[PDB]
Amino acid sequence: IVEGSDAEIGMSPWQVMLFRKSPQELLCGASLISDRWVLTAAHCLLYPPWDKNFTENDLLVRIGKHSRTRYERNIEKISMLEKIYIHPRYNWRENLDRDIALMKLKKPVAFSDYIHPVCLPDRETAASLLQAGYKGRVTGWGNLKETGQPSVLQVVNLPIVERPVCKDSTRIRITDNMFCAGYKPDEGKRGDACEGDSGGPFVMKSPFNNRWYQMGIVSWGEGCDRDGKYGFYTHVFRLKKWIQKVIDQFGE
Amino acid sequence: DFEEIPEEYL
Amino acid sequence: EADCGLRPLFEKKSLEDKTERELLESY
Ligand SMILES: CCOC(=O)CO/N=C(/c1ccccn1)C1(c2ccc3c(c2)nc(CNc2ccc(C(=N)N)cc2)n3C)CC1
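Protein chains in written order, with the UniProt record's numbering: chain G, 364 to 510, 518 to 622; chain B, 55 to 64; chain U, 333 to 359.
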């Protein structure tokens, strides 16, 4: 997270770390949506241009973490992957469209003060909050600058940007399954997700029921925190039906 | 610089 | 989920984190 700050303990209990066994390293960010389901970006698992195509056994999910590199004894829980499900229409060829994936854990994770699921938005929640200017929150253990690594989970609050502005900031073709966030050059404030943060959650706290909802998944960006550029996010609600069906098909 | 995690998960 | 989005160390004990108000002020 570029220009973020250290997370408070228990501030993001749904934060999950996609961790590679060999060599042991951070692969991506992710989120806890139930005791057996973790949500992340499809590109974290499958991304041919970067020679990425992990199988369940290559991965480990670390939940309840705060510190980046330290094994948090008596706090974090490390789960194994039973199955990986990538959106059947995720398009890594043209533009990372429908960049979403579900990972079912081998056995249910126990909730605690540091482990708790975030909500997925319903049509109405999405309609009211997914508006230009409304701020969401991005968290992760990714790079602090485009060109080090944090000691602790980082967090930054970023405003949703008008679609025309998002489109006019890049040569990439934006789809409806994406939204962008971040400050404009004249807005003064800054911050953005960066390498190591992708797959992570973009959440918003509904002022209607005071619950946190995951509106986006860190998907792509051109550099990190560059003036005139914005972080792009998978529109979670637009692809919820796929989520529901997977969870009600192979789910538990 | 990742600290060794219980070999039990590997 | 019936208890989703309510944090044990915050919402559950009516404590607010240091920057959530920034979010709410933008809505
Ligand atoms: C390094 C050279 O790359 C290239 O020449 C072409 O990159 N092509 C694209 C692209 C994006 C969307 C649709 C089509 N093509 C890209 C690109 C492509 C795939 C990407 C990507 C960035 N970023 C990620 C994941 N990591 C990531 C996510 C968000 C970030 C941010 N908000 N600053 C910073 C990093 N994945 C996964 C340059 C922006």
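Backbone N, C-alpha and C fix where the C-beta goes; we use that ideal spot for every residue, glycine too.
**Message:** Counting only C-beta atoms, is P529/G closer than 9 Å to chain U at any point?
**Reply:** Interface flag for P529/G against chain U is set, since a Cβ pair is found closer than 9 Å.
**Asked** Which class does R560/G belong to by DSSP, given the choice of helix, strand or coil?
**Response** If DSSP states are grouped into helix, strand and coil, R560/G belongs with coil.
**Request:** Decide if residue 511/G is buried, meaning its Cβ has at least 16 other Cβ atoms within 10 Å, or exposed.
**Result:** Between 510 and 518, chain G has no modelled residues, and residue 511/G is one of the positions in that gap.
**Asked** Going along the segment 465-490 of chain G in order, which residues come within less than 9 Å of chain U, judged by CB to CB distance?
**Response** Those would be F474, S475, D476, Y477, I478, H479, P480, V481, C482 and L483, in chain order.
**Request:** Please classify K467/G: does DSSP put it in a helix, a strand, or coil?
**Result:** Secondary structure at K467/G: strand, using DSSP grouped into helix, strand and coil.
**Request:** Thinking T545/G and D460/G are a contact (beta carbons under 8 Å), I'd like their distance in whole angstroms, please.
**Result:** The Cβ separation is near 5 Å, so the contact holds.
**Length of the line joining the Cα atoms of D556/G and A473/G** = In this structure, the CA atom of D556/G is about 45 Å from the CA atom of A473/G.
**Asked** What residue range is occupied by the uninterrupted alpha helix (DSSP H) comprising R353/U?
**Response** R353/U -> alpha helix (DSSP H) spans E352 to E357.
**Asked** Using a beta-carbon distance below 9 Å, is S430/G in contact with chain U?
**Response** Closer than 9 Å to the CB of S430/G there is not a single CB belonging to chain U.
**Asked** So, is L347/U buried or exposed, given that buried needs 16 or more other C-beta atoms within 10 angstroms?
**Response** By the neighbour-count rule (16 or more Cβ atoms within 10 Å), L347/U is not buried but exposed.
**Asked** Helix or strand or just coil, what does DSSP make of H406/G?
**Response** DSSP places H406/G in helix when its eight states are reduced to three.
**Through-space distance from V522/G to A370/G, alpha-carbon basis** = So the alpha carbons of these two residues sit roughly 7 Å apart.
**Request:** Specify whether the segment 419-426 of chain G and the segment 609-617 of chain G touch according to this definition: at least 3 beta carbon pairs, one from each stretch, less than 8 Å apart.
**Result:** Judged by Cβ distances under 8 Å, the segment 419-426 of chain G makes no contact with the segment 609-617 of chain G, as fewer than three pairs qualify.
**Asked** So, are the CB atoms of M374/G and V535/G less than 9 Å apart?
**Response** Not in contact: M374/G and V535/G (Cβ atoms no closer than 9 Å).
**Request:** Within the same chain, show all residues whose beta-carbon is closer than 7 Å to that of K537/G, passing over the 5 residues directly before and after it, in chain order.
**Result:** Taken in chain order, the residues that qualify are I544.
**Asked** Under three-state DSSP, which class holds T502/G?
**Response** Strand.
**Message:** As a quick exercise: from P386/G, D398/G and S385/G, pick the residue whose alpha carbon is nearest that of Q378/G.
**Reply:** If we check each option's Cα against that of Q378/G, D398/G comes out closest.
**Message:** Taking 8 Å as the cut-off, is the C-beta of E61/B nearer than that to any heavy atom in ligand 1?
**Reply:** The beta carbon of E61/B sits no closer than 8 Å to any heavy atom of ligand 1.
**Item:** Proximity of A405/G and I463/G at Cβ, strictly below 9 Å
**Value:** Contact flag set, yes.
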